[PDB]
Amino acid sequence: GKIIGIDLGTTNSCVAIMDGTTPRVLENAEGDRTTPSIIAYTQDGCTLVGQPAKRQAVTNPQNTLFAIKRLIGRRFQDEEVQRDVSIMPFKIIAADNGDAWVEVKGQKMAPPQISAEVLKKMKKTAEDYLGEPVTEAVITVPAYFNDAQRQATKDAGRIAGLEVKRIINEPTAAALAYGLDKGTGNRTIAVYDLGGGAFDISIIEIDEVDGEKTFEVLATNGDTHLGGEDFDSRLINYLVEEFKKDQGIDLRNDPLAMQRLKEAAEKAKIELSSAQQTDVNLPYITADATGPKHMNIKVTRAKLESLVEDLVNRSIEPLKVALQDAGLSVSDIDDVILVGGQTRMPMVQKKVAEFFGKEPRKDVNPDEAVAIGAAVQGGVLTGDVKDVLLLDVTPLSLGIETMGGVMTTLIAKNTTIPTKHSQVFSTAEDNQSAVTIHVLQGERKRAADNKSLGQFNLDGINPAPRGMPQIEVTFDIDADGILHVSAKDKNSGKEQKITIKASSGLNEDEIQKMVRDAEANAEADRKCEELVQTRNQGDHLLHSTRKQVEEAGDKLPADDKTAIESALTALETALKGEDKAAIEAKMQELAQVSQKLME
């Protein structure tokens, strides 16, 4: 009944609701306001999401998935995906359509299903707080996400059983959260979002013209594979090389050692944001027949800064590009808003302050603002939030491949959305049966250097001289940033059937199958939980009966006492197994014969 806003981050996910006019973040079952984006599949069949999954990471590395957002919407042969293939403990494979999928327990799974598991946990948290079913949600994506990644995120939302009312850019959500309390003074802001895996920069104007707060995204830019994971990778590489120099062992050959080192590097990087120096201590990191080996290496803040300065500087150029696109300068930015945990690093804050010449505001929560803005967006869609208007832009220039492999723009970057373009297309061959259009996204002048959306084939063209048929093709960009291509004959008005080929993404049948699979996974998790509860009850009953035997057993007649010695073992026989109902039946017979010892 109530639309919830979900920040679906690479490392941490958050959920918020509109409690009347007040946005409110909800805490998960563990008590945390944010949920780590870690999904674990147990052999028992329990699906673990968040902190518990992280706890089991050391014991189930192959079936524990994380950083799935870095794979969503990407093809397997991408350089980033190929780099991640040799690093992630879980198996990354190519799908039948060439997209990057994961392999868990011998089953191929698309990243949308895995993200849908986290979305299901957030949905369950929202329902537990509200006590009513939730079927509608607003889901966040990085501003610089291309069409394929946005579509895959919407598919993940659908698989989780949520009607995705709106896909909202994370900097836009932060802008909504900030504009809720201080959007009234006609202020231009720069939202600098640096999360676990993605970086975005948005120049956004906020004005109170005639009593309605309007948020207009003047410009946007970023990098979808730049984030705290790369900082951790730099630190891990330094630590591995130093350990190999000190002890001669390359830890890259030990997956468990690499997992522990990833955890230690994450903790050290976080601690260096407050401390000037930390010590990475990983005792018993590995063991040879000579004995255990221990890692103990000092890391100063200067060392980490020297290791990640180039990444921080890589984040700076999109600021210049966005400022040029907006037609403004650093003096024309009234407020600087930092978003994301990685901005807590003092080097990032110093670099941003030096770039803009002014210190960023301290009144914005970097971990919760995105979910608050998503909840605000949901409230706007229902009318619960009034006097608020939004005008976002397309992050990438849409174009087509023309003669010579050159890119031909149809919709420029930073064009406000929703938007509609129409262009006339015709045949290049006599009596041509079909006309193909290669559609791509990117700013590069060469078609081969842009993200291909695919070949759209207008097929079934009646024979005619080349250039005679006149097909108007319309490219629509909805409020989600997703492209929809349509075609109609401008002479007759009849629609032309478009067949998409060589595109990335999931089809409808796959999505339905994955929804059913998600339901099956939920039922398997409940069965595993019921079994766990049954084992706890059985152990409690066994201990209680032993206590009763110790206190009163000797007074009890020998016949029942001697019989129950093995009768309790009969209950144990089922208790050691994977039986839920028979454990209860044996528990019932044991309790009925222990009744005399109960009272």
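Residue indices: 1-based, along the sequence shown.
- The stretch with the higher mean CA B factor, choosing between 453-461 and 266-274, is 453-461.
- Across the two stretches, 584-592 and 16-24, the PDB entry reports the greater mean Cα temperature factor for 584-592.
- Within the selection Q470, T224, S397, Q259, the deposited Cα B-factor values reach their highest point at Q470.
- Looking only at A173, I139, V312, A428, the residue with the top Cα B factor in the deposited structure is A428.
- When the CA B factors of the chain's modelled residues are split into thirds, the value for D181 lands in the highest one.
- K420 sits in the highest third of its chain by CA B factor, as recorded in the PDB entry.
- Ranked within its chain, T153 lands in the lowest third, by CA B factor from the PDB record.
- Annotation for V58: CA B-factor lies in the middle third of the chain's modelled residues.
- Ranked by C-alpha B-factor against the other modelled residues of its chain, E510 falls in the highest third.
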